[PDB]
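Chemist:
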Amino acid sequence: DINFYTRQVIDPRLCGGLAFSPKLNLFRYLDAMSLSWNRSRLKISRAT
Amino acid sequence: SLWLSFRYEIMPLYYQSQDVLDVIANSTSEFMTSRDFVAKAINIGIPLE
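Protein sequences, first through last, are from chains b and a. Using the authors' numbering, you'd call the opening residue of the first sequence number 487 and step up by one each time. Using the authors' numbering, you'd call the opening residue of the second sequence number 341 and step up by one each time.
1) How about the segment 352-361 of chain a and the segment 507-521 of chain b: do they share at least three Cβ pairs that are nearer than 8 Å?
2) With respect to the alpha helix (DSSP H) encompassing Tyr348 of chain a, which residues constitute its N-terminal and C-terminal limits?
3) Identify, in the order they occur along the chain, each residue of the same chain with its Cβ nearer than 6 Å to the Cβ of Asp362 of chain a, setting aside the five sequence neighbours on each side.
Right under this line is the structure:
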């Protein structure tokens, strides 16, 4: 007769990925043109 | 009374003196500035490999 309970991690070093990793599809996304708001910042700084 | 008759000449002479002092000081403290901005680029070589 054996009766006990255990809980184990998903060892995220090995497993834990295999997902979408929402970094991508957003880092390759507008991060450049949104950064390009340097144009507007320069505009406001000129009149500042 | 004789001394209080001073206002006649001291008040407006002093007022005009302060007027000329202001009209010279405002022009004298102009503190002119001139500035410009550019967005020149900086290039750093990236190894092709």
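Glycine included, every Cβ here is placed at the ideal spot set by N, Cα and C.
Modeler: This is what the structure gives:
1) Contact fails: fewer than three Cβ-Cβ distances are below 8 Å.
2) In this chain, the alpha helix (DSSP H) harbouring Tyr348 of chain a covers 347-368.
3) Residues of the same chain with their beta carbon placed closer than 6 Å to that of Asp362 of chain a are lacking, with the five preceding and five following residues left out of the count.
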